[PDB]
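The next block holds one structure in the form of structure tokens; read it before the comments.
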Amino acid sequence: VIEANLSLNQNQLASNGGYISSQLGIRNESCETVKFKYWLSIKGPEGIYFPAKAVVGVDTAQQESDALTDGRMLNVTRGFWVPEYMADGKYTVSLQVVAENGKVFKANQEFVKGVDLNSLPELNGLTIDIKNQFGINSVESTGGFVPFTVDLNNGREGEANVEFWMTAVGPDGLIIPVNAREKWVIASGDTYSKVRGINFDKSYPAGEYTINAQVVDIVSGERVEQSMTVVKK
Amino acid sequence: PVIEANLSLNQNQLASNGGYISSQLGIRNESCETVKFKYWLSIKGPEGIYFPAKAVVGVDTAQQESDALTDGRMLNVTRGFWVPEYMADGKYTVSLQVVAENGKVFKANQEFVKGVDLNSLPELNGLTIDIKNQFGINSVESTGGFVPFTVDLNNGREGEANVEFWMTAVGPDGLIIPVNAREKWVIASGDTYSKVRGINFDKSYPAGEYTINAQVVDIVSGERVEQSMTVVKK
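Keeping their order, the protein sequence lines are chains A and B. Per this note's numbering, the first sequence runs over residues 1 to 233. Per this note's numbering, the second sequence runs over residues 1001 to 1234.
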């Protein structure tokens, strides 16, 4: 058994990006020595994925393992630049460890670029509040149901013409529909409110599902994404 | 293979203003007994876009209902979807997906493009990105394997290009595995930056589908372009 810990020196960048320093902690909490591989990666808006390592010449390194003995622990510091060209929005930093026996351990932290950390995602005046209703992060292999709350609040002076949908992006290349495409013309000060659930049928493959919601202002053409995780065991 | 899935699109090339795509879905039971399944049509696009083929007038309240085909029987239906102008130009994959009652997953995919040429390399305004699975290796053994990728960025501009480049493998269990560290190159006019980079799939890595994801950025214009390939670890 391994314990992975991740800490970011800062969690909010202005629109022109900046530097983020990470404190990586990998602890072996067992009597036996453990062999493993680890790395640090970033997920972001608009399909951005990138490695935390950046090189001055040509990348030619391999992925090397590590070993920790009884109660022993690894501690490293790694930083990375988030450049201005990257989309404003929410990013997830992921410290990932795969032990020799196939066990996966992950420690994540979020940072934002160009938006307030403690504000709802937003399209001008239109706030987007989409949540895993009861904080259910996994379901049994024999199946389970997970409800999500959806609240699109139009804080604008004018009406908002929006499109909304959700999928579940999972194992084996699956993209399961969770919410069909809906269109709503929402008056100033009004709200689109709704609860939507997905039934994870017993037949669906085990692994990680990213419940991915999308909201578009079809007049401005701007799009906002909200991603949430559910594991089927 | 107990189920055979087929997908056809009525057109594969849209202009930047988007348009409407009609499709034929075929699901055939190749076996001699009844098969129960669920199926749907979904789209994957540039800039992290994913959307279902289905659109509704009001509130969507339905659930994915099951279907069944007796021995030798087949289901044929049609689905259509609008590709709005606001969606990013680039490559899209339409996917017919079937999950049988026993967990078996069958897929049939087709591609369309929006606002770019159908048979042309991905491009950043004169700089072409040619990234390929070198030996057409689509899967590796559970005990491990290695897959090399060729990388070629041709600069057909009049001036020099400043690019940033990297690669990850996006896989099962939320893994995002570094394949190529972030590099910055200056490529002169008429030049081609050429490289080969592979990923070792260690034995310990989880079984399933890995999307090898390459990204290229014109660090002057800020424009980004992606190239995706699939390797399956058995």
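The C-beta atom is built at its ideal place from N, Cα and C for all residues, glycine as well.
Exercise for the section: Scan the segment 1069-1116 of chain B and note each continuous beta strand (DSSP E) run of 3 residues or more that stays entirely inside, going in chain order. Expected result: 1074-1083, 1090-1100, 1105-1114
Handout entry: Cβ of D129(A) within 8 Å of any chain B Cβ
Key = Locating residue 129(A) in the first sequence gives position 129, counting from the first residue. Not flagged as an interface residue toward chain B: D129(A), since no C-beta distance is shorter than 8 Å.
Problem - Beta carbon proximity, residue 1238(B) to chain A, threshold 8 Å - result: Lying before the first or after the last residue shown, residue 1238(B) is absent from chain B, which here runs from 1001 to 1234.
Handout entry: Own chain partners of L117(A) with C-beta closer than 7 Å, once the 5 adjacent residues on each side are dropped
Key = Numbered from its first residue, the first sequence carries residue 117(A) at position 117. Result list for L117(A): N11, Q12, in chain order.
Practice task
For residue 1242(B), name the three-state secondary structure that DSSP assigns.
Solution key: Nothing about residue 1242(B) can be reported from this structure: the residues present for chain B run from 1001 to 1234 only.
Handout entry: Alpha-carbon to alpha-carbon, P205(A) and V1002(B)
Key = As a first step, residue 1002(B) is located in the second sequence; it is residue number 2 there, counting from the start. As a first step, residue 205(A) is located in the first sequence; it is residue number 205 there, counting from the start. In a straight line, the C-alpha of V1002(B) is about 17 Å away from that of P205(A).
Exercise for the section: Could you confirm whether any beta carbon from chain A is found closer than 8 Å to the beta carbon of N1180(B)? Expected result: Taking the second sequence and counting its residues from 1, one reaches residue 1180(B) at position 180. Yes, contact with chain A.
Exercise for the section: Report yes if the C-beta distance between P121(A) and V195(A) is below 8 Å; otherwise report no. Expected result: The residue given as residue 121(A) occupies position 121 in the first sequence. The residue given as residue 195(A) occupies position 195 in the first sequence. For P121(A) and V195(A), no; Cβs fall outside 8 Å.
Exercise for the section: Identify the contact partners of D1173(B) in chain A, using a Cβ-Cβ distance below 7 Å as the criterion. Expected result: If you number the second sequence from 1, residue 1173(B) lands on position 173. The contacting residues are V104, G207, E208.
Exercise for the section: Would you mind stating whether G1208(B) and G207(A) have Cβ atoms separated by less than 8 Å? Expected result: Your numbering for residue 1208(B) matches position 208 in the second sequence. Your numbering for residue 207(A) matches position 207 in the first sequence. For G1208(B) and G207(A), yes; Cβs fall inside 8 Å.
Problem - Extent of the continuous beta strand (DSSP E) run through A1169(B) - result: By one-based count along the second sequence, residue 1169(B) stands at place 169. Taken as a continuous stretch (DSSP letters only), the beta strand (DSSP E) holding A1169(B) covers 1161-1170.
Problem - Residue environment, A1068(B), which counts as buried when at least 16 other CB atoms sit within 10 Å - result: For the purposes of this step, residue 1068(B) is taken as the residue at position 68 of the second sequence. Exposed, since its Cβ has fewer than 16 Cβ neighbours within 10 Å.
Problem - Nearest to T210(A) (by Cα), restricted to the options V178(A), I128(A), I186(A) - result: By one-based count along the first sequence, residue 210(A) stands at place 210. The option with the nearest alpha carbon to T210(A) is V178(A).
Handout entry: Spatial distance of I186(A) from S193(A) (CA atoms)
Key = Counting from 1 along the first sequence, the entry for residue 186(A) is found at position 186. Counting from 1 along the first sequence, the entry for residue 193(A) is found at position 193. The alpha-carbon atoms of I186(A) and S193(A) are separated by roughly 11 Å.
Exercise for the section: From the DSSP output, read off the bridge partner residues of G1145(B). Expected result: Numbered from its first residue, the second sequence carries residue 1145(B) at position 145. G1145(B) pairs with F1201(B).
Exercise for the section: Measure from the alpha carbon of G1019(B) to the alpha carbon of each residue in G1072(B), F1081(B), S1066(B), then state which is nearest. Expected result: What you label residue 1019(B) is simply residue 19 of the second sequence in a count that begins at 1. Among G1072(B), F1081(B), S1066(B), the Cα nearest to that of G1019(B) belongs to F1081(B).
Practice task
Count the C-beta pairs between the segment 73-93 of chain A and the segment 36-52 of chain A that are closer than 8 Å, then say yes if the count reaches three, no if not.
Solution key: yes
Handout entry: Alpha carbon of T1168(B) to alpha carbon of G102(A), nearest angstrom
Key = On the second sequence, residue 1168(B) is found 168 positions in, with the first residue counted as 1. On the first sequence, residue 102(A) is found 102 positions in, with the first residue counted as 1. For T1168(B) and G102(A), the distance between alpha carbons rounds to 19 Å.
Problem - Proximity of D1152(B) and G1115(B) at Cβ, strictly below 8 Å - result: Residue mapping note: residue 1152(B) aligns to position 152 of the second sequence, counting from 1. Residue mapping note: residue 1115(B) aligns to position 115 of the second sequence, counting from 1. It is not a contact, given that the beta carbons lie outside the stated cut-off.
Problem - Residue range of the unbroken beta strand (DSSP E) whose run includes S1189(B) - result: Against the second sequence, residue 1189(B) aligns to sequence position 189. No beta strand (DSSP E) holds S1189(B); DSSP gives it neither H nor E.
Practice task
Please classify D217(A): does DSSP put it in a helix, a strand, or coil?
Solution key: Numbered from its first residue, the first sequence carries residue 217(A) at position 217. Here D217(A) sits in strand by DSSP.
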